[PDB]
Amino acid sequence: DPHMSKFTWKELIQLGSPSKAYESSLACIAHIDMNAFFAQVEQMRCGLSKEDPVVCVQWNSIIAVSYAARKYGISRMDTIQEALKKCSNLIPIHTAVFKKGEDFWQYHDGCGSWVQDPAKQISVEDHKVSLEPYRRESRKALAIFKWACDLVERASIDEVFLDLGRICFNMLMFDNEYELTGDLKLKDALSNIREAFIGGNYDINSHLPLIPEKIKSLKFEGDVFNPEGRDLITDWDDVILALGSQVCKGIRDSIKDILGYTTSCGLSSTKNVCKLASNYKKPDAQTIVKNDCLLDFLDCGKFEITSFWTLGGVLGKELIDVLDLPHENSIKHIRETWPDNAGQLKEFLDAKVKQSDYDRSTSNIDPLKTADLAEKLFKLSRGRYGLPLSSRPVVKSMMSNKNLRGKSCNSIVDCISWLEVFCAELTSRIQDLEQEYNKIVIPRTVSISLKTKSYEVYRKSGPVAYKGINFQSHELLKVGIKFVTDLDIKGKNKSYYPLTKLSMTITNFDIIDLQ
């Protein structure tokens, strides 16, 4: 019915449910990504400004580039020498490090491979990286996001998704202060829908009324992706998204004012579109993708099917083959080749996998789950694939890793020396989590993984005992030593020392709430 909204009361009311808000076509999701994160952390640690060309350095690689340094053409994974050729006033700052034989990490400022003095070197032979300064700042940001929003998923060290559903719903229905103009409040613009909601006489399966003309005065905060110049507010999804953009800006300002960090943000009805949108414009920007602009955005030429989370590896490449996708404009191709429903694509997939020709042992497509795959591709190609936000435990796993150069791990005694660093590092991380979150954090399972001189991988995992935080490092080392000596035996008569990599990972934890 073109006399009514495309959306129902059900879809609007479900914004107030944390468990179901994501499946609403009115969903309002934000993806927020810290700009040049490790470089910003170092900038703030060193009392530097947004104009200083900082780069964060790990061994000889630039692993984060401030926006000031980007103006010189410096890119992530430039070598430090390459970057110095591009910018005479560069401020390279090495990550913090642990020294082999010590049990604490620190910064050695003024030191690195670009320093002439051999007294101010940070040797790859005798140190390991600590990412803990970045992890600490990430946890501080997470606390601010969770204070502002009831459903936050940490997606990586510098990324979160927010479900703004409750905030948007509540603003839409109950906010009596928000002004659209000097003469018009949100409460008056929305008098019809609020009357209906408070009156309580709607049927959940009925469509909403067409939006009132007065709500078209509501503004989006940020950059609205709109190359075709479409009308900004035409249905209730736009209203919710505009309100969400106002809230998101306030949250991002809290991050900036409290921690000092600039962010980019993407706002849309789905996690996958939000993630693309947050990367569209940087630094310090919010890109908003309206439902009516989804195809304009997805087809702008920046993106392919492999741009979507889960599709950037081997499965994505198999799909390119299986679906005969072109090398460019694959998203539009999927949309137009199976234009009506996902059943069209499922039929195509079922035929491909039913062939005796198809190798189930090497494929990453589950032949029993082609309905799910077809729906996922069908909806992703339209910007309408809604995934829930998880919200994670305090920790799930914890790894300490050292890739080894030359003969720096040439025997079991060297292995154990590095394991001692790993155990000190992990125990310190666990202790910090226990204090910060008021928990008991108990490692249950440990995995040792290593690579030989010939790059062959050897792994072993198993249980670790628990005796309290004061014995944690010892308990971890006990298992580490057992596993490295077990693997040494397994490597007998084979190419082994010197190792090229050794790592320890606590792969399973128990977490106990206190208070």
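Don't overthink the numbering: it's just position in the shown sequence, from 1.
- In none of the other PDB entries of this protein that model the residues around it does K86 lack coordinates, well short of a third.
- Compared with other PDB entries of the same protein, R360 is missing from at least a third of those that resolve the residues around it.
- Once the C-alpha B-factors are averaged per stretch, 107-115 and 195-203 rank with 107-115 first.
- Between the stretches 450-458 and 56-64, it is 450-458 that shows the larger average CA temperature factor.
- If you compare the C-alpha temperature factors of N89, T306, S381, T262 in the entry, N89 comes out highest.
- Listed residues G316, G165, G250, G101 were ranked by CA B-factor as deposited; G101 comes out on top.
- Placement of the Cα temperature factor of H94 within the chain: middle third of the modelled residues, per the deposited record.
- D175: CA B factor lies in the lowest third for its chain, per the PDB record.
- The PDB entry assigns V124 a C-alpha temperature factor belonging to the highest third of its chain's modelled residues.
- When the CA B factors of the chain's modelled residues are split into thirds, the value for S5 lands in the middle one.
- In this PDB entry, the Cα temperature factor of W147 sits in the middle third of its chain's modelled residues.
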